[PDB]
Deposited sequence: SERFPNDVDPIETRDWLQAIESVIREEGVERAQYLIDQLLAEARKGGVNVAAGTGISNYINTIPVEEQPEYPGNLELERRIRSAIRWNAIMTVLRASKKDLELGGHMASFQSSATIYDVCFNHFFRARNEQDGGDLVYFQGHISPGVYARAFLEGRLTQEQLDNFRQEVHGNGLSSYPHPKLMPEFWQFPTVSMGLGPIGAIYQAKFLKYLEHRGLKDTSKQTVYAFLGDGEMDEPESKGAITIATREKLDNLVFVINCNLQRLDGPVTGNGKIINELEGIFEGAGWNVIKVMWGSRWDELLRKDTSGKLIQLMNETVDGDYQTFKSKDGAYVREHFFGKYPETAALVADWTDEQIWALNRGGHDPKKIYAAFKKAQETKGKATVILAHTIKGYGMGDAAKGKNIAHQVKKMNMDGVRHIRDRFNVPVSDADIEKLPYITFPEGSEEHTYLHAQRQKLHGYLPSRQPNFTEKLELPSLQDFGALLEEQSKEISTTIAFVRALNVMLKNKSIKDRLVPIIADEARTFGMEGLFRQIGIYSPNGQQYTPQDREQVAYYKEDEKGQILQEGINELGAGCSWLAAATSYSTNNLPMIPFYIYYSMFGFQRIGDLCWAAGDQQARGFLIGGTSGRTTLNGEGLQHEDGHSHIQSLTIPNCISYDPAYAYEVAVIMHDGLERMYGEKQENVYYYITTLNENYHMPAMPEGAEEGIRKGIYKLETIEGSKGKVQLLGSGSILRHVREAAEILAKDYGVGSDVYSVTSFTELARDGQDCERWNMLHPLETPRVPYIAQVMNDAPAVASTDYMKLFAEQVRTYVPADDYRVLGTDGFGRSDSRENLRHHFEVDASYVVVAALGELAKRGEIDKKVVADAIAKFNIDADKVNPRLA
């Protein structure tokens, strides 16, 4: 911790390069337009919401950056990647309007987007695909997202894929937001990886929403203490220019002592009072500090301002950051929340128009008019001139990449479509599939395999040799080993998965990890990734409740597919065989990185269990993509059922089919369900459309074009809801679903599959019971199966075990 004053003394401060007077004029119009946008919205009385106090506190910080630092996307790179603090969006909209990028109508449609000519409350690429870039309103994600984005830019340079040396990643953070663990939890990575292309800008207004961040402490010193300790370059922007003479003339050092000892709570109390109060309670603390302003008026004392509101102090900080190498920089900008808003914290607008000398008549002021600068005016000219010098306007977003990739054909995965020699797992199939992609000229080096420590568990260790591990194992290494850090790996994945948009350089990441620690652990990032239109693959390894058998409660995943189906643009699959994994990976590659450029990302659960991998049935490709296909039908003259399975449990459902046929004379149609969720969505879309077009030919759910009406049983390694979700669309009156509801526990696969009532025995009993209800076999046969199979009909429901 250093003294509570500016890091950069005035004698080391560079001359300000812009026109302060003209800049303030434009900045005041932006402040005004932002407040008009939100006030106009609130007048509608539709609970639209919106904030003003935060942007008022950081407007000058953004202004200096827009006028002198921010590079826009250009022909060479995506420009500076700015993670705009979410709730200051009105200020960004206000500037964009001023630059003629948005119409008044749009501002008048702030927070009213459904009908198409409105603006989102916050940065949401999915809602405004040509405008916003990084979803930041869920606090804490921006900081860690920014760290891994800066690290990815370095990666692209080190790998010789793109020169990104001219890009800087700015993460605009709140001080209260720094309390989210995700906020400082990975700051150490920036020092490890020497991220001198990263600048954290923390708006230290000392307040969060309902009160001070740490009233009895000094948040700025806390921030400086931990960032410095983590090895970052810390630049404090504490006091404005009026304080300089004061600090210089004070030979006693008491003013510094006084600033050091005063806590946040008191500094906040001062700004809520007046000049006389500050003279008595702050300077009045010591005779020497009292003497420094004895000859000042109370009004002159009240003029003293925080550093984050002084363009000269701000510039000094951003320029210094720009020259700092070998590590990242954090700028702690001291501001006043609700700056210039008066008592507020219908003439409160009058106060604001007076305070910022806004050019709005006391006559028109009732109309909450927006201010624009006409073409040819000083303001208009300067505004655009500064932006053109920095390559244009930002934020801006390109929705599709321009180059054409020569993707592998499904035939290139031919080896995986044949029966496999040895028993292997779908995870081994995944690695084999990746190897096929790594032989493809067009995308081999665009692939970004990502792992969170665990590689050996996934048989990925065979790649540490072939393509190497990134380590600026050298800087040309291709694999990203992020350690025990799922959120960090997900942030690398996200940066890679959106490179097609931000850098017009499509990269195809495959992040494989323990499925349990996917959506459950980084779900807020998975949602944000959907918002950011990520295109990549999330491979949930060691998946299935009963399949990662020895690991237990906190590892046995029988529900990640329930979490993943809540993300609209995530496409999820639970393949049982190697050929399915290949057809799915190929399809995903084609949809996301082929000419379609579909904005979706994939989720594929894979397994750590080896078993026989048969050849793909001729023509089953499309059915695998759609979510289901008939594997075979076994004959039997005593009855007929339908049996569905997915993932590791399918082979057990097939075992049940053979038992039903040979022991009971019951034939069956056996289906592999590669994606219950895609089938459910398809069924939902068909019935929605049918409800809306009552006079037309009703659409038939895909699952109904595959299944028939005989009694059906489904079993998977996931909770029942995974397979039950398609009930409405299954065309049979009986559809029984077995699943792994309940907490996991350690045991053999055999014991867990019996415990969770999903093994072949339970599928047979479920099928026989349906026949028995139809009077096709004696109920005693079902009772006898239960006993023969050692099934305990009265053990507690696994959900409650």
As a test: can you identify every run of the deposited sequence that has no C-alpha position in this structure, in order? 1 to 55, 401 to 413, 541 to 557
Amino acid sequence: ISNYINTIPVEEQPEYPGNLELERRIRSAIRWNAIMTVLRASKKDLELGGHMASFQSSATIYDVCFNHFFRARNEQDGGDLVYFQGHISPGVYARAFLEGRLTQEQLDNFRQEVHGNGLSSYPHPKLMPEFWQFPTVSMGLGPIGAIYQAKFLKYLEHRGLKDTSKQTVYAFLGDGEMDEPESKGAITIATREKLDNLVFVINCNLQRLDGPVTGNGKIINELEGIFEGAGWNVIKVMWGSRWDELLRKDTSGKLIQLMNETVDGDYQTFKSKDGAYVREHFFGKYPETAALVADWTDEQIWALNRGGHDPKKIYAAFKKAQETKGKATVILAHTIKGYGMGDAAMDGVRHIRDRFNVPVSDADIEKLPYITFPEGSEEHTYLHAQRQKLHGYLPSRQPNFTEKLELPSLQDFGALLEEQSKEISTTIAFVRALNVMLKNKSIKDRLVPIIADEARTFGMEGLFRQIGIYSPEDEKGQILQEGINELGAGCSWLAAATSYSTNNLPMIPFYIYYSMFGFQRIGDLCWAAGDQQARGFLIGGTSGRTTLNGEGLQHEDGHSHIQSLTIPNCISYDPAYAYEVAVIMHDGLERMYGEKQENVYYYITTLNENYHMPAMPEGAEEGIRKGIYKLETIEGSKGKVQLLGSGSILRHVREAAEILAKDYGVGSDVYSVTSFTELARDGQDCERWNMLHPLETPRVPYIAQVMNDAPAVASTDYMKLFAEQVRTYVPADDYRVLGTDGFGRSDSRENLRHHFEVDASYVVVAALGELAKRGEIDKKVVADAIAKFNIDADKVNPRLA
From here on, numbers count along this sequence of modelled residues.
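Between two forms, the rigid core is the largest collection of C-alphas that superpose within 1.5 Å.
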What stretch shows more C-alpha movement in 5 other deposited structures of this protein relative to this form, 346 to 354 or 525 to 533, after the core is superposed? 346 to 354
Do the Cα atoms of 362 to 370 or those of 711 to 719 sit farther, on average, from the shown form in 5 other deposited structures of this protein after fitting on the core? 362 to 370
Pick between 546 to 554 and 323 to 331: the one whose mean CA B-factor in the entry is higher. 323 to 331
Higher average CA B factor in the deposited record is what I'm after, so tell me if that's 206 to 214 or 514 to 522. 206 to 214
Of the residues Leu173, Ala495, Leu247, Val713, the one carrying the largest Cα B-factor as recorded: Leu247
Would you mind finding, among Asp759, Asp63, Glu47, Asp741, the residue with the largest C-alpha temperature factor in the entry? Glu47
Modelled-residue ranking by C-alpha temperature factor, third containing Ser572: lowest
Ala772 by Cα B-factor - lowest, middle or highest third of the modelled chain: highest
Name the third of the chain's ranked CA B-factors that contains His124, choosing lowest, middle or highest. lowest
Chain third (lowest, middle, highest) by recorded CA B-factor, residue given as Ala680: lowest
Splitting the chain's C-alpha B-factors into thirds, which one does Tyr83 fall into? lowest
